[PDB]
Structures are given as C-alpha cells and as structure tokens.
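Q: Next comes the structure file work_17.cif, holding mmCIF, C-alpha atoms.
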```cif
data_work
loop_
_atom_site.group_PDB
_atom_site.id
_atom_site.type_symbol
_atom_site.label_atom_id
_atom_site.label_comp_id
_atom_site.auth_asym_id
_atom_site.auth_seq_id
_atom_site.Cartn_x
_atom_site.Cartn_y
_atom_site.Cartn_z
ATOM 1 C CA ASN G 1 11.337 -2.495 8.915
ATOM 2 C CA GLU G 2 13.681 -1.038 11.506
ATOM 3 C CA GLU G 3 17.286 -1.907 10.746
ATOM 4 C CA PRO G 4 18.475 -1.541 7.145
ATOM 5 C CA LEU G 5 19.018 -5.280 6.927
ATOM 6 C CA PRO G 6 22.491 -4.691 8.379
ATOM 7 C CA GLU G 7 24.946 -7.310 9.580
ATOM 8 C CA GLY G 8 23.998 -7.286 13.244
ATOM 9 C CA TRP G 9 20.391 -8.224 12.587
ATOM 10 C CA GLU G 10 18.341 -8.806 9.459
ATOM 11 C CA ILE G 11 14.769 -7.664 8.944
ATOM 12 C CA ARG G 12 12.785 -8.874 5.958
ATOM 13 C CA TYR G 13 9.396 -7.538 4.924
ATOM 14 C CA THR G 14 6.709 -9.055 2.733
ATOM 15 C CA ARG G 15 3.098 -8.254 3.531
ATOM 16 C CA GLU G 16 1.651 -5.109 5.063
ATOM 17 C CA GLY G 17 3.324 -6.008 8.338
ATOM 18 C CA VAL G 18 4.251 -9.653 7.923
ATOM 19 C CA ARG G 19 7.901 -8.657 7.894
ATOM 20 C CA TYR G 20 10.246 -10.456 10.257
ATOM 21 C CA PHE G 21 13.564 -10.051 12.035
ATOM 22 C CA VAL G 22 16.577 -12.312 12.393
ATOM 23 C CA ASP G 23 19.557 -11.447 14.559
ATOM 24 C CA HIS G 24 23.022 -12.782 13.825
ATOM 25 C CA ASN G 25 21.929 -15.416 16.315
ATOM 26 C CA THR G 26 18.621 -17.039 17.180
ATOM 27 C CA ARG G 27 18.837 -14.562 20.032
ATOM 28 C CA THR G 28 16.479 -12.304 18.118
ATOM 29 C CA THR G 29 14.399 -13.813 15.337
ATOM 30 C CA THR G 30 10.955 -12.473 14.525
ATOM 31 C CA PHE G 31 8.764 -14.781 12.474
ATOM 32 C CA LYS G 32 5.499 -13.550 11.006
ATOM 33 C CA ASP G 33 2.766 -15.447 9.203
ATOM 34 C CA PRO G 34 3.960 -16.925 5.900
ATOM 35 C CA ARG G 35 1.864 -14.401 4.012
ATOM 36 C CA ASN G 36 4.725 -14.085 1.557
ATOM 37 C CA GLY G 37 3.390 -17.391 0.285
ATOM 38 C CA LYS G 38 0.849 -15.494 -1.780
ATOM 39 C CA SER G 39 -1.544 -18.120 -3.082
#
```
As structure tokens, please, write out the structure in this file.
A:
Amino acid sequence: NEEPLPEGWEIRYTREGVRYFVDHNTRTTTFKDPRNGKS
C-alpha cells in the first residue's frame, strides 16, 4: 500500500483495501479482515 514491502516494514494487500502492515516488530502491525480468504 504505502511502503514497497521493504525491510523496515511489510505491507501486504489482498482485497480492495483489506491490505495490512507489519513492521519488523509488533510495534506496527496492521491487520485487516481476512477477506483474502475468498470463499
């Protein structure tokens, strides 16, 4: 979404805006609905 899934932090996208973020540490970890679990 924001950062190009660099080393510092990691941002993964799935649905329209279900993406999430995960910093090197639990310091910054964005968790969105598990929409990626397309039924």
Q: Would you mind listing what lies within 10 Å of residue 35 in chain G as a list in words, with only C-alpha atoms counted and same-chain residues fewer than 6 positions away left out?
A: residues 14, 15, 16, 17, 18 and 19 of chain G
Q: Have a look at CA of residue 29 in chain G and CA of residue 4 in chain G and let me know their distance in Å, one decimal.
A: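 Between CA of residue 29 in chain G and CA of residue 4 in chain G the gap is 15.3 Å.
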Q: Taking the file as shown, find all residues satisfying the PyMOL selection byres ((chain G and resi 21-28) around 8) and write them as a PyMOL selection string.
A: chain G and resi 7-12+19-20+29-31
Q: Enclose range 1-4 of chain G, meaning all of its atoms listed in the file, in a box aligned along x, y and z, pad it by 8 Å on each side, and list the centre and edge lengths in Å to one decimal, as AutoDock Vina command-line options.
A:
```
--center_x 14.9 --center_y -1.8 --center_z 9.3 --size_x 23.1 --size_y 17.5 --size_z 20.4
```
